[PDB]
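To begin, one chain is listed below as structure tokens, in the form deposited in one PDB entry.
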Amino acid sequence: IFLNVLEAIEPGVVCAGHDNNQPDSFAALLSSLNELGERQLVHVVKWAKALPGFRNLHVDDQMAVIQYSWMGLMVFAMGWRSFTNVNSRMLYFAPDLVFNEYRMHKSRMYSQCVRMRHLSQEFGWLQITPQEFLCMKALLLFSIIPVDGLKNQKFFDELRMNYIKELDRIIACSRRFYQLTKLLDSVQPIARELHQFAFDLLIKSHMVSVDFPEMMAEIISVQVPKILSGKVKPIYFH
């Protein structure tokens, strides 16, 4: 039942709307990454609200958790698409926004891109199944919380525990759980580097001609700083 639901709510293809006929430029690539990010957020919200037991969380906790986990969720899914679509040869942000090394360099997000390409290769090396991927991705939504706690922290803890139990079931084992939890942990440092990048970019956006969609701008200025300042932290296994 659980996996049937995860498979059923998994978002479909999301395009960036990027102009690939134009020579690559920092401003164009980033404006497309921003637009893509916003488009995916719409789906992340619909996805999360359709997850088993998610509605139990306090209305305000639902939105906060989605906004904090947003980057990580996207990173993990992008790595999987890269692995399945182009065998980690490039980064498949979207069908119309594929990054080769040249674009990784031009986007000024080279370090982060290479870490995501490594994550992408990990799916193959570890032979991650589509079902382990789906459960791990859902678990990611419940892997970052405020030090001051949520409105209903207990309901959150219960939900996170249940998702971990589902992973146990999909695995059924010790070595596998170690492998998967280590892989999940690896997502956080990457999301952090991207968060820092997005923050610095927003602060100087008017100087580099980069366009930031409304929702993203608000989230980068209100939520992301809470993560960068340590008020909101990821939950690591290790």
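Numbering starts at 1 and runs along the sequence shown.
- Deposited sequence between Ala172 and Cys173: 4 to 9 residues lack coordinates.
- Looking at 27-35 and 49-57 together, the entry lists the larger mean B-factor for 49-57, computed on C-alpha atoms.
- Annotation for 207-215 versus 188-196: the higher mean temperature factor (C-alpha) is found in 207-215.
- Reading the B-factor column for the CA atoms of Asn85, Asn100, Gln112, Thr129 in the entry, the top value corresponds to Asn85.
- Among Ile145, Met136, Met74, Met116, the highest C-alpha B-factor recorded in the PDB entry belongs to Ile145.
- Per the deposited record, the Cα B-factor of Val232 falls in the middle third when ranked against the other modelled residues of its chain.
- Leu41: CA B factor lies in the lowest third for its chain, per the PDB record.
- Ranked by Cα temperature factor within the chain, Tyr92 sits in the lowest third according to the deposited record.
- Remark: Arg81 belongs to the lowest third of its chain, ranked by C-alpha B-factor as recorded.
- Annotation for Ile164: CA B-factor lies in the middle third of the chain's modelled residues.
There is also a form deposited with a partner chain bound; it is not shown, and the following applies to it.
- Heavy atoms within 4.5 Å of its partner chain in the bound PDB entry belong, among the stretches 186-194, 204-212, 44-52, 23-31, to residues of 44-52.
- Though its partner chain is absent from this view, in the bound PDB entry it lies within 4.5 Å of a heavy atom of just one residue from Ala198, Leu180, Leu36, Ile66, which is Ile66.
- Within this chain, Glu218 lines the site of its partner chain in the bound PDB entry, having a heavy atom no more than 4.5 Å away.
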